[PDB]
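Take a look at the structure set out below.
We're numbering straight along the sequence, starting at 1. As a basis for the values below, the full set of heavy atoms in this structure was taken, side chains included, without hydrogen atoms, waters or symmetry mates.
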Amino acid sequence: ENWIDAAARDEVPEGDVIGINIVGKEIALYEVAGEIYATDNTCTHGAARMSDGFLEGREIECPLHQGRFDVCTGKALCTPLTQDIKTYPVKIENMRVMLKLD
Ligand code: FES
Ligand SMILES: [Fe+3]
C-alpha cells in the first residue's frame, strides 16, 4: 500500500547509514542494533545530505552544522535544528528492505 522493495538488507552497513534515490525521493537507510530505519536524506535545516554522514547509535549527525536526529522517531535533538525529519516505515522481508512511502 505504497510498500516498495528498496534495497538488499546487507547493503546497509552495521552502525552506519546509506543514501538511495528511489521513485524521485532521496532516502536515508540506517542500521541500528539489528533494525533498519529510514528518513528523508535531506536535513531539515539546510542543504545537507544525511547519508554523509556519522550515525552514532540511533543518532544521525548532520555533516554541516552537527544537528542530530533520533533515527527511530525522526525527532530533532540539538540545535541548530528546529524541525523534525520525516520517517518512513520499514520491514525486512526475505533479505529485502521494504519502505512505506506515504
Ligand atoms: S544543515 Fe543540517 S544542521 Fe543546519
Ligand atoms: Fe561521540
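Pairs engaging residues 57-87 under the ring-ring contact (aromatic ring centres under 6.0 Å, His included) rule: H45-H65 [sequence neighbours left out]. Among pairs with a residue in residues 76-88, those fulfilling side chain to side chain donor-acceptor pair (under 3.5 Å) read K25-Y88, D40-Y88, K86-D102, at least two apart in sequence or across chains.
When side chains are defined from C-beta on, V97 counts as touching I92, because their heavy atoms get closer than 4.5 Å. With contacts defined as side-chain heavy-atom distances shorter than 4.5 Å, the pair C72/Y30 does not qualify.
Atom CG in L81 sits 5.5 Å away from atom OG1 in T44 (nearest 0.5 Å). Between the CD1 atom of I27 and the CD1 atom of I4 there is a distance of 10.0 Å, given to the nearest 0.5 Å. Distance CG/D5 to CE/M98: 5.5 Å, rounded to 0.5 Å. How far CG of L99 is from NZ of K91: 11.0 Å, rounded to the nearest 0.5 Å.
Judged as a side-chain contact (heavy atoms from CB on, under 4.5 Å), and not counting sequence neighbours, the contacts of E35 are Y37. Annotation: side-chain contact (heavy atoms from CB on, under 4.5 Å) contacts of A8 (sequence neighbours excluded): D10, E11, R96. Shown here are the side-chain contact (heavy atoms from CB on, under 4.5 Å) partners of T42, two or more places apart in sequence or in another chain: there are none.
Hydrophobic cluster membership differs between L77 and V71, with clusters built from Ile, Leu, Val, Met, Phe, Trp and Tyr side chains linked at under 4.5 angstrom. A continuous path of ILVMFWY side-chain contacts below 4.5 Å connects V23 to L29, so both sit in one hydrophobic cluster.
Across all non-hydrogen atoms, the minimal contact from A38 to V90 is N-CG1, 4.0 Å. Here the closest heavy-atom approach between residue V17 and residue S51 is recorded as CG1-O, 3.7 Å.
Of the possible donor and acceptor atoms, one in the side chain of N41 sits under 3.5 Å from a partner among the backbone N and O of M50.
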Could you pull out every donor-acceptor pair under 3.5 Å between side chains of residues 52-64 and any protein atom, sequence neighbours left out?
from: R58; atom 1: NE; to: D70; atom 2: OD1; distance (Å): 2.9
from: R58; atom 1: NH2; to: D70; atom 2: OD1; distance (Å): 3.2
from: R58; atom 1: NH2; to: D70; atom 2: OD2; distance (Å): 3.0
from: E59; atom 1: OE1; to: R68; atom 2: NE; distance (Å): 2.7
from: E59; atom 1: OE1; to: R68; atom 2: NH2; distance (Å): 3.3
from: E61; atom 1: OE2; to: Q66; atom 2: NE2; distance (Å): 3.2

